[PDB]
Amino acid sequence: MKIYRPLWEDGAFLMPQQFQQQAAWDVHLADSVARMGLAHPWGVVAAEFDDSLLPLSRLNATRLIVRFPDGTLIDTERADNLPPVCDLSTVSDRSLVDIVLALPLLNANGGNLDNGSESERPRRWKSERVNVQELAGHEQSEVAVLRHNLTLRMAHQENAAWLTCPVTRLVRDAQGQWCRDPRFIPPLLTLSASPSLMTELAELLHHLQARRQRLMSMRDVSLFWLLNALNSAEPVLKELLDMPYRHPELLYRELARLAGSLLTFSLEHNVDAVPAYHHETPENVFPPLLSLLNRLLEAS
Amino acid sequence: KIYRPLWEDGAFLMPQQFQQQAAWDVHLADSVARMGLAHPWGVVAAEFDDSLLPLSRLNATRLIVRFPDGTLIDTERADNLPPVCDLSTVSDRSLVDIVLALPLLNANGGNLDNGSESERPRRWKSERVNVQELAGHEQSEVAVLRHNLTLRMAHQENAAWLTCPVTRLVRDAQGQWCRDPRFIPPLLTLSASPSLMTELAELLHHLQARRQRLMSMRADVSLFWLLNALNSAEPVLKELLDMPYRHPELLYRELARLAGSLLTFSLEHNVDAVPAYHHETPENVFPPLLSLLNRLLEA
Amino acid sequence: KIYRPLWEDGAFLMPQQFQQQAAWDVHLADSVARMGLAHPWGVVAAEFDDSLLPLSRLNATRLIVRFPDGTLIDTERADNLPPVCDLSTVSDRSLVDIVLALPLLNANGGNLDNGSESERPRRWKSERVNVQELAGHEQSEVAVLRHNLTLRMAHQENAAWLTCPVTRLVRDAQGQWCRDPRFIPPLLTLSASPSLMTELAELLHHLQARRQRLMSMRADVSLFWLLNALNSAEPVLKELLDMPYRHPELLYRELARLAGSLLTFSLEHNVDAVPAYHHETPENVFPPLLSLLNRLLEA
Amino acid sequence: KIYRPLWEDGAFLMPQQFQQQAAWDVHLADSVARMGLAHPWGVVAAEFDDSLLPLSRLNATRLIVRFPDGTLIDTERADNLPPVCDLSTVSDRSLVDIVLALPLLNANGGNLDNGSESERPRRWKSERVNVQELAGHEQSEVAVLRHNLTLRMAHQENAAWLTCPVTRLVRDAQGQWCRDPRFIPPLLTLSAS
Amino acid sequence: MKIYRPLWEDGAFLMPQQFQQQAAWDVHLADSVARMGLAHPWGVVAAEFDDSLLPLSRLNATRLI
Amino acid sequence: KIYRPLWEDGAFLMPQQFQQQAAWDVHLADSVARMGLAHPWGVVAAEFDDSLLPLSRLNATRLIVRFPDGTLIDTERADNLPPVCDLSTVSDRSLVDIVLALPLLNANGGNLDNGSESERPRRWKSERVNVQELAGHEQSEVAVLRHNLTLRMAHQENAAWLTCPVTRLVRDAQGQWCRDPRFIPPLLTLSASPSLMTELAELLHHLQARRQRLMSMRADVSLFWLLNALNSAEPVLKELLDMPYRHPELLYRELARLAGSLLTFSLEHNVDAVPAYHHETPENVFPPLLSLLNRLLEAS
Amino acid sequence: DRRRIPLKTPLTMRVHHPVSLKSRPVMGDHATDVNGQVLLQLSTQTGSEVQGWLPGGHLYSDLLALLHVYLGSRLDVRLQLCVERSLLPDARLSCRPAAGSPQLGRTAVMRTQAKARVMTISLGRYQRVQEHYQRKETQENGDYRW
């Protein structure tokens, strides 16, 4: 995937290649900047589904905002379309199915636009004609606008031709009907993308504050160490949770520091208990880290 | 809302394609900033000519401001300065706040000011500029977009504008107008407000002085507690002030941690003495945080 | 400087519009990076073929460098490798520094190299490339912009070029040239320097070893005071070094904090032992700090 | 880096697999040579037609040489002879060292010469030749690779090429150019000189 | 006997000659290496014969290298 | 067991043809090496990270090895490094011999590791790598073959693996692990052992020093012939050590001749004093040969 | 005239049903076609004719109308025009498209800054059958044994 930045001379032909390559470069630059501060500048920002038809084996997305591993930003609110409804009838046999958002891989050799024909390789782009209002003047007209060939796919089926990112997990309930997993977390780009995590984080802060206030009132270096750790962390953790619209890496580090300090005096916990950060599988990062922190706070 | 155009063989060239392509690129830049920053908007620089202030004229000389909707205004790099604000109409006030205003985008178009008047302001201006080509040697006139920037009073109706504070004016002893020496707009860089930089420098000075005294005295437990807190913070806070070109959120966290630890020593101060971060009204964040830190260090 | 084009119904399509639009977008991207990073520039990759050094030739294999003015050079994705540098001309030297040079942009135009005589270097090259259209199947020749990259010696006049260090060469036992095993260019990512990366990994390992023994052992107040510092630092240092694709400023701060705390215990090593961060010359930043940390932990 | 291809059922057939495989095999052969020989590279044949020296032209007839980086040149079997060297620009000299130059590899691709010009010389050239199938009784035209070889003088800039001496020319008593009777190329085979 | 180094061009017709020539080159290269150290890099490695039927005018090999 | 393909007329593009050709090519190259050298295999490089030994872990940093069946491993150019070796289960021992292991080829197939469990270790791994074409500009992904290398202990069952020594660990006075200061693996390239380089350098120095003394000085028969022996041997030994990148067999022969002659002057020792060459255990070859030569030269 | 043809399937290696070289296979992305098209190049000496030949012009339309019958489905024709730059329009934007509006990849030549040479521009391509997909596999077929 080479990018051929165009040159504009005294006089020349305009070409599709100039425009396509220039756009590619600008996307590349944006991605390059993100990577200066964040190891994993991709993931889910938002994901919402209409569960009304879920009892009838239909998974209907209502809003998806996902940044893909290769700098491509999908936003069905601002500049894209929602995927077709996923039929769960074919996975009735299973008690659990994971669903991912799939985006067809770019073909370096062209043929990326979907012309309505069938082929082995899924097409990436679609052409939709819409009425676009000119900003400067008062006229509007039809313009060919690029849309992405988004689709929801079963996580367990072959997905070789697609770049994928998890959006939801479904399980079978007591009544045998499909429902959403109460504790599923996709790769997150922003904390606000997963309400379940936000709730647990809020609870942690509450307990932390309560522990702090009680200990502060009751006033051996152990006392001061535990209190210092609480006082040091709280002013920062609070701000992070008040404005939950930033990459998890920032939160992880603050929580990790807190766990690290607390484990200094614990004599029943493993100093290596703190999990490594994993972007793809956040479920194995935050839920256990938070559980550890809760136990450490209780063990005063 | 934003239509990413499909560039392909046989396509026609329409202004919508270009306008929409640009909008998307701006969006992407904004999206990236938000990955690390809660409030990626505010003042980078703002300078005014005080010379005519005694004669009710506020004449900006340099303005670099990032607006809440991703729009970047830079009168040094790629824009024009706003018209001079006439302060005569507010001569009955002892204090007035000045904001930089940029008219809101019209979703229905008509964003370009062609000289026609209406009930709603427009933000785009058309200027003809003789622009030098880079590749070759020739030069010619092109249509350049400038922004309809204006200075408005904070107390005026501003529903039709997106605004950001830039300066505050007060009446002096002689009744003449002068600038308020203790005013802070929303910032993107620390250097954007000399008043703050001065206070930050003083903090570092006092911190270092106390650190040195404590080191000399190497109650042993109490001494270790405090030295650890100070020695940990100093190597970082210094670097942040040496290169004062970073979003304030970064400074806040570093100072907040220090205040947090120090409040474990001084019982007379409530833990909640540390203010929450507020981007819109930084005057209620840094000045009191710094005051608290100074008191904690003095004690 | 930058004249953002205004796209209008009756506007003509002129080269200047495209050149200015591109300039703005680069500027905007740079502005965003600058919100969190004091120095958003430096080396990402600087690989050379060592096998030709014995034959007095320096042939770059992969260069990724972000220049001081927001320009990104990438020979892996969108540019060409520089001409082979002849080391024959420095037969009287035992140590030479190599910098990657990029000619300054001329505000007055004449930036494209048309093969004519010029007292100053040109910045842009025009290459004809048959480029595939992504939408359909057809392909056609376009004019591709390539940069006039070249390797120059540090001791040469470089007034007309932007420069960034990429490698240092020294004499081997046989008098032949070889690459200096301990050289660090201005870094944009940690992975750009295997030398530094190796030492950083070693530091973490030493940190862990000391942690373990203190943790095993559990007047003992000094154990707890110190152990806390180690337990606090490790969970973060580990992450940063595990996946080494972050701007050095982030690592510096973490390492500095650790040194800060450790210098609260040591009496021999002054608090001021911690070096200031310098982006241009990391060689005077990291190897000092790392040595200090190793001594403090070993003690 | 050399990426040995993984051959398996269902795998795609790709030109990259072949190019990487070739590189590996050359590397392996070079490794073996180095077990016993300190300097595997050198000249095997450097035969020139010197009858044209009186007319300021140096024309190679058979060149065989292994380069410092394992590249094998074989005029007799696989490679073409370089263009005739014009000595008219050597008028003011009494002694010239001639080397065979070979452009060095571009790490990021673009090694094949497509007829365009560039700052750094291309290494490979594509030619169409008639090749007989050994098994049967048929012929066809196929594409083959040749090295972009050329003769250059030692006093010229040669940074962009790997070089190996092949001949030295000295002014004779008559003012004519001739091959120096006592010149020895870095030898790989004793019979070469 | 010429030996070509085939160009594995993408999209070109794939031909049996390309494989024959590629193999020939690899053999040539290996032979070239041997000749750098040994004047006569050829001969017998193994020549084990079955002479059990030799009394009946029949000679056969069991292993030839 | 190697079925060279027949590329004629309507040949079929079968994966077997390519695999068999590769097998032959390696065999052929190996056959050539064996014309001059008895043992064309061994270690070229074996660099390890010493900072993990305090934490009971051994991790190679650079391995270049040629196995007994022509297989060439090079973690600088084509191969990956082996997983970190956990020495915890070896703790009881004071001395540990570590070898590099590679599972034997299965003539009956199933050589590729597909992640499944089996009683016989798989030797090949499939890695996806984005590889740039050399001839043209196009860049694309291919399946790259990597060796399934691992470190194993000499005392473990190694029936299913090819293997050779790469390092030996011993416990230090403090009980911590440390690489044995005097370990030599079967060498392919003389320079592979830094300790050997040092000892050889000392020998050459002493040889030259003794030569110069006798040379300047020139019962006179013994003097002439002792000097002759040194004058003859030095010019070649020097060349062998000046560019020390040759198979050990060449050096051994040259040194052995010198020792042989020197034993004609000494009556204080045997005539079979010169050790036989052993490739697998060079430790019993060079260190005593060199010691013998040093002592004989000193005896003069 | 050479055209690139997409492949239904890529060239791969198989065991049970391998590809024979008798098929003269090529790498899996695109194959060439030099038996499906011809190139028809036009050249004029006046602006009137040029405008007529440009897309939207009456000569462009008439030529295709005639090819429709004369060549029919036999071959496709690639059309291009070679005329002096002075006879071409300066590419300009418009809020509304038009038949005579310049096309991005064919005629949209930028104005020259008063730096005539001959410019080659594209006109279009003649093709009757678009080869779209409506196969509707099959339910039944002609099946007489005879």
# chains A, B, ... in the order shown; residues from 1 in each chain; ligands from 1
>>> interface_residues(of="chain A", to="chain G", cutoff="6 Å", atoms="only C-alpha atoms", output="PDB file with C-alpha atoms, in the first residue's frame")
ATOM      1  CA  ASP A  10       1.733  25.182 -13.850  1.00  0.00           C
ATOM      2  CA  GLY A  11      -0.958  23.365 -15.841  1.00  0.00           C
ATOM      3  CA  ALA A  12      -2.098  19.754 -15.900  1.00  0.00           C
ATOM      4  CA  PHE A  13      -4.937  17.254 -16.043  1.00  0.00           C
ATOM      5  CA  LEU A  14      -6.943  16.494 -12.959  1.00  0.00           C
ATOM      6  CA  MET A  15      -7.127  12.783 -12.226  1.00  0.00           C
ATOM      7  CA  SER A 117     -22.018  -7.788  -9.217  1.00  0.00           C
TER       8      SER A 117
END
>>> residues_around(residues="residue 73 in chain G", least_positions_apart="5", cutoff="12 Å", atoms="only C-alpha atoms", output="MDAnalysis selection string")
chainID G and resid 36:37 67:68 126:131
>>> atom_distance(atom1="CA of residue 72 in chain F", atom2="CA of residue 25 in chain F")
12.5 Å
>>> closest_atom_pairs(of="chain G", to="chain E", cutoff="10 Å", atoms="only C-alpha atoms", output="JSON lines")
{"residue": "G:21", "atom": "CA", "partner": "E:15", "partner_atom": "CA", "distance": 7.2}
{"residue": "G:22", "atom": "CA", "partner": "E:15", "partner_atom": "CA", "distance": 9.4}
{"residue": "G:23", "atom": "CA", "partner": "E:14", "partner_atom": "CA", "distance": 9.6}
{"residue": "G:24", "atom": "CA", "partner": "E:13", "partner_atom": "CA", "distance": 6.1}
{"residue": "G:25", "atom": "CA", "partner": "E:14", "partner_atom": "CA", "distance": 5.9}
{"residue": "G:26", "atom": "CA", "partner": "E:13", "partner_atom": "CA", "distance": 5.1}
{"residue": "G:27", "atom": "CA", "partner": "E:11", "partner_atom": "CA", "distance": 5.0}
{"residue": "G:28", "atom": "CA", "partner": "E:11", "partner_atom": "CA", "distance": 7.7}
{"residue": "G:29", "atom": "CA", "partner": "E:11", "partner_atom": "CA", "distance": 7.5}
{"residue": "G:30", "atom": "CA", "partner": "E:11", "partner_atom": "CA", "distance": 6.5}
{"residue": "G:31", "atom": "CA", "partner": "E:11", "partner_atom": "CA", "distance": 6.1}
{"residue": "G:32", "atom": "CA", "partner": "E:11", "partner_atom": "CA", "distance": 7.7}
>>> residues_around(residues="range 33-45 of chain C", least_positions_apart="5", cutoff="7 Å", atoms="only C-alpha atoms", output="tab-separated table (two decimals) with N, CA, C and O atoms, in the first residue's frame")
chain	number	residue	atom	x	y	z
A	33	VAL	N	-0.18	10.85	13.95
A	33	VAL	CA	-0.25	11.69	15.13
A	33	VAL	C	-0.82	10.96	16.33
A	33	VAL	O	-0.28	11.04	17.43
B	188	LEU	N	-4.98	26.62	25.57
B	188	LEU	CA	-4.36	25.40	25.05
B	188	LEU	C	-2.89	25.33	25.41
B	188	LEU	O	-2.32	24.25	25.47
B	243	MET	N	9.14	23.91	29.09
B	243	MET	CA	8.51	23.97	27.78
B	243	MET	C	6.99	24.19	27.88
B	243	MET	O	6.23	23.26	27.66
B	245	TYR	N	4.22	24.70	26.51
B	245	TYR	CA	3.39	24.61	25.33
B	245	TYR	C	2.61	23.32	25.33
B	245	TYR	O	2.72	22.51	24.42
B	246	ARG	N	1.81	23.13	26.37
B	246	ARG	CA	1.01	21.93	26.50
B	246	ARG	C	-0.35	22.26	27.05
B	246	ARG	O	-0.51	23.22	27.81
B	247	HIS	N	-1.33	21.44	26.73
B	247	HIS	CA	-2.67	21.63	27.25
B	247	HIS	C	-2.66	21.60	28.79
B	247	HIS	O	-2.11	20.66	29.37
C	62	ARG	N	15.78	1.87	5.17
C	62	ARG	CA	14.44	2.27	5.59
C	62	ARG	C	14.50	3.49	6.49
C	62	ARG	O	15.00	3.43	7.62
C	63	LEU	N	13.97	4.61	6.01
C	63	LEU	CA	14.02	5.85	6.77
C	63	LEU	C	12.63	6.41	7.00
C	63	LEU	O	11.86	6.61	6.05
C	64	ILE	N	12.31	6.66	8.26
C	64	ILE	CA	11.06	7.31	8.61
C	64	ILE	C	11.36	8.45	9.56
C	64	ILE	O	11.73	8.22	10.72
C	65	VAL	N	11.26	9.67	9.06
C	65	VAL	CA	11.65	10.84	9.84
C	65	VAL	C	10.62	11.95	9.78
C	65	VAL	O	10.23	12.38	8.69
C	66	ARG	N	10.22	12.44	10.93
C	66	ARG	CA	9.34	13.59	10.99
C	66	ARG	C	10.17	14.85	11.22
C	66	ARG	O	10.87	14.96	12.23
C	67	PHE	N	10.12	15.77	10.28
C	67	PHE	CA	10.93	16.97	10.33
C	67	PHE	C	10.29	18.06	11.19
C	67	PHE	O	9.07	18.05	11.39
C	68	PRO	N	11.09	19.00	11.71
C	68	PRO	CA	10.71	20.14	12.53
C	68	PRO	C	9.55	20.97	11.98
C	68	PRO	O	8.89	21.67	12.74
C	185	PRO	N	19.63	9.27	17.83
C	185	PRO	CA	19.13	10.42	17.12
C	185	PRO	C	17.94	10.95	17.90
C	185	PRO	O	17.44	10.25	18.76
C	186	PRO	N	17.45	12.15	17.61
C	186	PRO	CA	16.22	12.66	18.16
C	186	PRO	C	15.17	11.61	17.89
C	186	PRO	O	14.97	11.23	16.74
C	187	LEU	N	14.52	11.12	18.93
C	187	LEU	CA	13.59	10.02	18.75
C	187	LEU	C	12.16	10.49	18.74
C	187	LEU	O	11.78	11.35	19.54
C	188	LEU	N	11.35	9.87	17.91
C	188	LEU	CA	9.92	10.08	17.95
C	188	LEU	C	9.26	8.87	18.59
C	188	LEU	O	8.25	8.99	19.27
C	189	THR	N	9.86	7.69	18.38
C	189	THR	CA	9.40	6.46	19.02
C	189	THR	C	10.58	5.71	19.63
C	189	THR	O	11.69	5.77	19.12
C	192	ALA	N	12.80	3.18	17.62
C	192	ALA	CA	13.73	3.71	16.65
C	192	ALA	C	15.19	3.47	17.05
C	192	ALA	O	16.09	3.59	16.23
C	279	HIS	N	15.38	17.06	23.59
C	279	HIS	CA	14.92	16.26	22.47
C	279	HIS	C	15.98	16.12	21.40
C	279	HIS	O	16.13	15.07	20.79
>>> atom_distance(atom1="CA of residue 43 in chain D", atom2="CA of residue 151 in chain D")
14.7 Å
>>> residues_around(residues="residue 205 in chain C", least_positions_apart="5", cutoff="12 Å", atoms="only C-alpha atoms", output="PyMOL selection string")
(chain C and resi 198-200+210-212+230+234+237-238+241+294+297) or (chain F and resi 49-57)
>>> interface_residues(of="chain E", to="chain F", cutoff="7 Å", atoms="only C-alpha atoms", output="JSON, numbers by chain")
{"E": [16, 19, 20, 30, 34]}
>>> write_last_selection(atoms="N, CA, C and O atoms", output="mmCIF file, in the first residue's frame")
data_model
loop_
_atom_site.group_PDB
_atom_site.id
_atom_site.type_symbol
_atom_site.label_atom_id
_atom_site.label_comp_id
_atom_site.auth_asym_id
_atom_site.auth_seq_id
_atom_site.Cartn_x
_atom_site.Cartn_y
_atom_site.Cartn_z
ATOM 1 N N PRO E 16 6.555 -23.420 -18.310
ATOM 2 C CA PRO E 16 7.385 -24.513 -17.843
ATOM 3 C C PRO E 16 8.867 -24.190 -17.984
ATOM 4 O O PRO E 16 9.688 -24.677 -17.204
ATOM 5 N N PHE E 19 10.537 -22.644 -14.821
ATOM 6 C CA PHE E 19 10.893 -23.564 -13.766
ATOM 7 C C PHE E 19 12.163 -24.313 -14.118
ATOM 8 O O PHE E 19 13.033 -24.509 -13.268
ATOM 9 N N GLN E 20 12.281 -24.720 -15.380
ATOM 10 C CA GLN E 20 13.465 -25.443 -15.813
ATOM 11 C C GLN E 20 14.709 -24.578 -15.681
ATOM 12 O O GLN E 20 15.768 -25.062 -15.278
ATOM 13 N N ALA E 30 25.525 -24.052 -7.198
ATOM 14 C CA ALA E 30 26.106 -25.025 -6.281
ATOM 15 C C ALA E 30 27.407 -25.600 -6.837
ATOM 16 O O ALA E 30 28.384 -25.778 -6.104
ATOM 17 N N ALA E 34 31.485 -25.418 -5.371
ATOM 18 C CA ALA E 34 32.359 -26.563 -5.162
ATOM 19 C C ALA E 34 33.720 -26.347 -5.817
ATOM 20 O O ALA E 34 34.766 -26.636 -5.221
#
>>> select_by_dssp(residues="range 5-244 of chain B", states="alpha helix (DSSP H)", output="ChimeraX atom specification")
/B:15-33,194-216,220-242
>>> interface_residues(of="chain G", to="chain F", cutoff="7 Å", atoms="only C-alpha atoms", output="count of residues only")
8
>>> select_by_dssp(residues="range 51-219 of chain B", states="strand (DSSP E)", output="NGL selection string")
:B and (57-66 or 72-74 or 85-86 or 95-103 or 124-132 or 139-147 or 150-153 or 161-171 or 177-179)
